[PDB]
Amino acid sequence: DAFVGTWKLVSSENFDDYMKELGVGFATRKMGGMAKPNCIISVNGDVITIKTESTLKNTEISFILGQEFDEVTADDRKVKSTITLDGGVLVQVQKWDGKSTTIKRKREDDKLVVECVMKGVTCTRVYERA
């Protein structure tokens, strides 16, 4: 839709602070911090697939909107995820150990903008079409 495509990371703000708030250790933060992943979003019927690809780590999720699923995150958290579409924004929540984090993906001009919140920290990552 507005989201379908192959996207390349072009900027990132506050990602180290976001990872630190999630409890990610130094070695993993170091690897994640200067990663420049591609994000590949596709849809077939009810099922949306988001692939995130980078030199040292790939992940993939597939989901139906509104249906909770189990996810292993790139930093190895075992979480329960739910993704919904609200005002054209894809809103993902991950829940684990009584904590949560939200990841909002939105389309703005030429940008896929991804806002990640954990407690007081807000990270913004911008992707452009590859």
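All residue numbers are counted from 1 along the displayed sequence.
- In this entry, 106 to 114 has the higher mean Cα B-factor, the comparison being between 11 to 19 and 106 to 114.
- Between 61 to 69 and 40 to 48, the higher mean Cα B-factor belongs to 40 to 48.
- In the deposited coordinates, the residue among 90, 93, 79, 34 with the greatest CA B-factor is 34.
- Per-chain ranking of the deposited C-alpha B factor places residue 74 in the middle third.
- Per-chain ranking of the deposited C-alpha B factor places residue 27 in the highest third.
- In the PDB entry, a CA B factor belonging to the highest third of its chain's modelled residues is recorded for residue 85.
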